[PDB]
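These notes are about the structure you will find just below.
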Ligand SMILES: Nc1ncnc2c1ncn2[C@@H]1O[C@H](COP(=O)(O)OP(=O)(O)O)[C@@H](O)[C@H]1O
Ligand SMILES: [Mg+2]
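Right under this line is the structure:
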């Protein structure tokens, strides 16, 4: 067509200019390749973590700079590159396109357009490795993030800027809760107030291309692709792609954050990123530190997740909410990679396989799922109702274990046990069903205030739907008041109490 | 502007232009509903009178 | 219709790619070596002189 011709002419003119300018400013001869790591001679004054051009066409980057030989990890298939290939250096640190044009576009780790929808329009290029903001640039997490899960994700919130972990086994709902959060962000990014929009960005690292295709299909089915970036590295490409894709997603997240906007990033299954770094380090001549893992895995998780922060008003008040995901084996949260990531994050969301198999689709264990925004960085309506409900539910679980231990004044005779079991049955959700914050307070308020003593565990599922229909049909006054105010006052508390003990009889 | 070789946008535009008057709305709830309602208030006033006099008795 | 047109653009692009590679193979056979060798030798000479 017309555009390819002029684009090709302009770019080849620039190519001739580059070839005729300063020679190439450095080169190298390939000494070894394999598993996406390539040794190369030359490159005497190569910059650290610097992109390099290979004669075949594969990209590269410099993790290691030995005397004489340079450790280059190959960005793509290593089949094309051979021995003696000339390795031109790009002259700049590893970068990735960042800007508002990445919205609605799927790109690789390097930022090149892979969805085939056209070129990427970026305001600038940001380094994949960027130092995290300092103490003063960081701000206390106070702005809520509407997870839309109608579960413990609401009573103990996420908030804007938290790196709330999502631990659990495979196929437990980590990607499910991530996509529900992304879908629920549509209600707030579909407006005009940029201070409340959450421009999501997905990191589908170590995810099969069929799965990510289904994920993007589901996103655009719900009109969620307009605000979500799917920068990722599937299982098809090499390990360095997997290692760098979350970091470039972090770069996009800081671009959104440094511009005063709020972005939600979900590092889906960082485990493949860690093992990709393992694959790099095994043949890059970096000895492993512990449990066959190189020591720098904790450091890389640190730099990647600490970039996620809530900026202060001086820096633009931007937020970079992070939702890291780890795939543990057999629920072993005491393994190495778990221990580091649970110590790297601001709380976690446990998703055990037994709860998923039991029937609870969210499958979240209240007892261990903690956060640093307890009754903070919430709407306010939910924070007053269930500011300390997690501890009560944990004590309910302990007493229920204690209740089965011996026959005493326990079981149904315990008001705490009854309230805990009713609340645990309350905290459930179906996938692809984002529930707004307004239709979440009455259920938890009925649970916490002991209004569910005579509703029975089996009937709580129907009670949820009946109560929500009650509010959305003939009690929309207080519901809309809560939604618009973002808080339940004395008037709103009294109205909600009126509704709940009027509907307790049904 | 998204489509270049449309060849169909005029056809669908005309089809929707000719489709908006689907048919006349019924709005004819005045043949059995009205009779039911008439009987409703008639014997409802009758019942109100009888319960009132029963209360006085 | 818009996604059909997008597929049309993609197939036109890949047909252009096939035409480009076919013309590259054609250039691999015709005597198109000495003139371009002189041309980019002069280009590299000018590149050296420019610095
Ligand atoms: N109501 C529900 N909530 C969550 N997941 C559901 C629900 N109903 C069915 N599922 C299934 O649970 C699966 C979630 O798997 P997922 O968490 O994406 O795996 P992984 O943890 O490896 O990313 C989906 O494939 C979906 O088919
Ligand atoms: Mg998944």
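Protein chains in written order, with PDB author numbering: chain B, 4 to 509; chain 7, 60 to 116; chain Z, 157 to 207.
C-beta atoms are modelled at their ideal positions from N, C-alpha and C, and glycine is treated no differently.
Alpha helix (DSSP H) segment containing residue i, residue limits
i, result
"residue 56 (chain B)", "From DSSP, residue 56 (chain B) is part of no alpha helix (DSSP H) but of the beta strand (DSSP E) over 53–57."
"residue 205 (chain B)", "Careful: residue 205 (chain B) lies outside any alpha helix (DSSP H), inside the beta strand (DSSP E) at 204–207."
"residue 177 (chain B)", "177–187"
"residue 159 (chain B)", "No alpha helix (DSSP H) holds residue 159 (chain B); DSSP gives it neither H nor E."
"residue 423 (chain B)", "418–429"
"residue 189 (chain Z)", "Unbroken run through residue 189 (chain Z): none, as it is neither H nor E."
"residue 450 (chain B)", "444–451"
"residue 23 (chain B)", "5–23"
"residue 402 (chain B)", "392–408"
"residue 464 (chain B)", "463–477"
"residue 340 (chain B)", "339–345"
"residue 505 (chain B)", "493–506"
"residue 213 (chain B)", "212–224"
"residue 92 (chain 7)", "92–115"
Rounded straight-line distance, which links the Cα of residue j to that of residue i
i, j, result
"residue 317 (chain B)", "residue 46 (chain B)", "41 Å"
"residue 363 (chain B)", "residue 431 (chain B)", "6 Å"
"residue 334 (chain B)", "residue 171 (chain B)", "6 Å"
"residue 113 (chain 7)", "residue 100 (chain 7)", "20 Å"
"residue 87 (chain B)", "residue 22 (chain B)", "20 Å"
"residue 266 (chain B)", "residue 250 (chain B)", "15 Å"
"residue 40 (chain B)", "residue 342 (chain B)", "28 Å"
"residue 129 (chain B)", "residue 114 (chain B)", "11 Å"
"residue 502 (chain B)", "residue 392 (chain B)", "21 Å"
"residue 10 (chain B)", "residue 193 (chain Z)", "25 Å"
"residue 324 (chain B)", "residue 144 (chain B)", "10 Å"
"residue 426 (chain B)", "residue 155 (chain B)", "10 Å"
"residue 396 (chain B)", "residue 260 (chain B)", "35 Å"
"residue 211 (chain B)", "residue 451 (chain B)", "42 Å"
"residue 163 (chain Z)", "residue 119 (chain B)", "10 Å"
"residue 235 (chain B)", "residue 378 (chain B)", "34 Å"
"residue 510 (chain B)", "residue 151 (chain B)", "Chain B is shown from 4 up to 509; residue 510 (chain B) falls before or after that span and cannot be answered."
"residue 239 (chain B)", "residue 433 (chain B)", "31 Å"
"residue 372 (chain B)", "residue 72 (chain 7)", "55 Å"
"residue 50 (chain B)", "residue 64 (chain B)", "10 Å"
"residue 82 (chain B)", "residue 42 (chain B)", "15 Å"
"residue 75 (chain 7)", "residue 221 (chain B)", "29 Å"
"residue 127 (chain B)", "residue 205 (chain B)", "20 Å"
"residue 326 (chain B)", "residue 255 (chain B)", "15 Å"
"residue 179 (chain B)", "residue 203 (chain Z)", "57 Å"
"residue 153 (chain B)", "residue 365 (chain B)", "10 Å"
"residue 446 (chain B)", "residue 500 (chain B)", "11 Å"
Rounded Cβ spacing between residue i and residue j (contact assumed at less than 8 Å)
i, j, result
"residue 374 (chain B)", "residue 411 (chain B)", "About 34 Å; that fails the 8 Å criterion."
"residue 417 (chain B)", "residue 406 (chain B)", "7 Å"
"residue 186 (chain B)", "residue 437 (chain B)", "5 Å"
"residue 269 (chain B)", "residue 328 (chain B)", "7 Å"
"residue 227 (chain B)", "residue 189 (chain B)", "6 Å"
"residue 389 (chain B)", "residue 164 (chain B)", "No, residue 389 (chain B) and residue 164 (chain B) are not in contact; Cβ-Cβ is about 21 Å, not under 8 Å."
"residue 384 (chain B)", "residue 480 (chain B)", "Not really, about 15 Å apart at Cβ, beyond 8 Å."
"residue 158 (chain Z)", "residue 62 (chain 7)", "6 Å"
"residue 471 (chain B)", "residue 463 (chain B)", "In fact, because the Cβ distance is near 13 Å, the residues do not count as touching under 8 Å."
"residue 191 (chain B)", "residue 201 (chain B)", "6 Å"
"residue 245 (chain B)", "residue 208 (chain B)", "5 Å"
"residue 459 (chain B)", "residue 429 (chain B)", "Wrong, their Cβ atoms sit about 12 Å apart, outside the cutoff."
For residue i: DSSP bridge partner residues
i, result
"residue 98 (chain B)", "130 (chain B)"
"residue 322 (chain B)", "265 (chain B), 313 (chain B)"
"residue 89 (chain B)", "32 (chain B)"
"residue 158 (chain Z)", "DSSP, once it has assigned bridges, lists no residue as partnering residue 158 (chain Z)."
"residue 64 (chain B)", "76 (chain B)"
"residue 271 (chain B)", "207 (chain B)"
"residue 375 (chain B)", "In DSSP, residue 375 (chain B) forms no bridge with anything."
"residue 353 (chain B)", "170 (chain B)"
"residue 232 (chain B)", "204 (chain B)"
"residue 360 (chain B)", "DSSP lists no partner for residue 360 (chain B)."
"residue 290 (chain B)", "Beta-bridge pairing links residue 290 (chain B) to no other residue."
"residue 141 (chain B)", "314 (chain B)"
Continuous beta strand (DSSP E) stretch holding residue i: start and end
i, result
"residue 35 (chain B)", "33–35"
"residue 40 (chain B)", "40–43"
"residue 109 (chain B)", "From DSSP, residue 109 (chain B) is part of no beta strand (DSSP E); its letter is neither H nor E."
"residue 63 (chain 7)", "Premise fails: residue 63 (chain 7) is in no beta strand (DSSP E) and is neither H nor E."
Using a Cβ distance threshold of 8 Å, determine whether the stretch 12–30 of chain B contacts the stretch 83–102 of chain B, with at least three qualifying pairs required.
yes
Is the number of C-beta pairs between the stretch 273–292 of chain B and the stretch 100–114 of chain B that are closer than 8 Å three or more?
no
Three CB pairs or more closer than 8 Å across the stretch 73–83 of chain B and the stretch 99–106 of chain B:
no
At a cut of 8 Å, does the stretch 173–182 of chain B reach the stretch 355–369 of chain B through at least three beta carbon pairs?
yes
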